[PDB]
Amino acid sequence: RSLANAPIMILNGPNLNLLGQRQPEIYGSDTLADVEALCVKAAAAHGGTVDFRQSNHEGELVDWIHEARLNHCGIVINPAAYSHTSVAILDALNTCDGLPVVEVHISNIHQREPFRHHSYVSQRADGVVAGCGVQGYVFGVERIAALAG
């Protein structure tokens, strides 16, 4: 699918509903709603739209990836903690043959606790953006626009 004909799915994992409410030195002072606004703008800038979602449930994320697989032009995903633990989410993305996927982390996980350094999602994501703040979501959109082109 192209940007013109289907939205980009923007998926957000656990706890990100609280973005902005603490640790601004690490994650900024923008809320999740502010991030959504940034993505709407960035997609529009490239002639597309987004479908922006958040969940604390691993299985829900899986279901939403199966939906993206049939209905969206690409996925930008910040899997949050499930980055480090979910093989299920990796396998869900693996079923998205041909679909552009960009993983985003607001923080630079490489500078944090050792368990945070690894991501299962990175094994499928076409591109991985870490430590660019909420601007990383914009880069995710920009990359999908380039690929679904």
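Between two forms, the rigid core is the largest collection of C-alphas that superpose within 1.5 Å. We number the residues from 1 along the sequence you see.
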| property | result |
| --- | --- |
| Positional deviation of Cα atoms in 5 other deposited structures of this protein after core superposition, greater for 119-127 or 25-33 | 25-33 |
| Mean Cα B-factor comparison, 129-137 or 20-28, giving the higher one as deposited | 20-28 |
| Average Cα temperature factor in the PDB entry - higher stretch of 29-37, 99-107 | 29-37 |
| Which of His46, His66, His57, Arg124 ranks first by CA B-factor in the deposited coordinates | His46 |
| Chain-wide C-alpha B factor ranking for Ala81, given as lowest, middle or highest third | lowest |
| Third of the chain's Cα B-factor distribution that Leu70 belongs to, per the entry | highest |
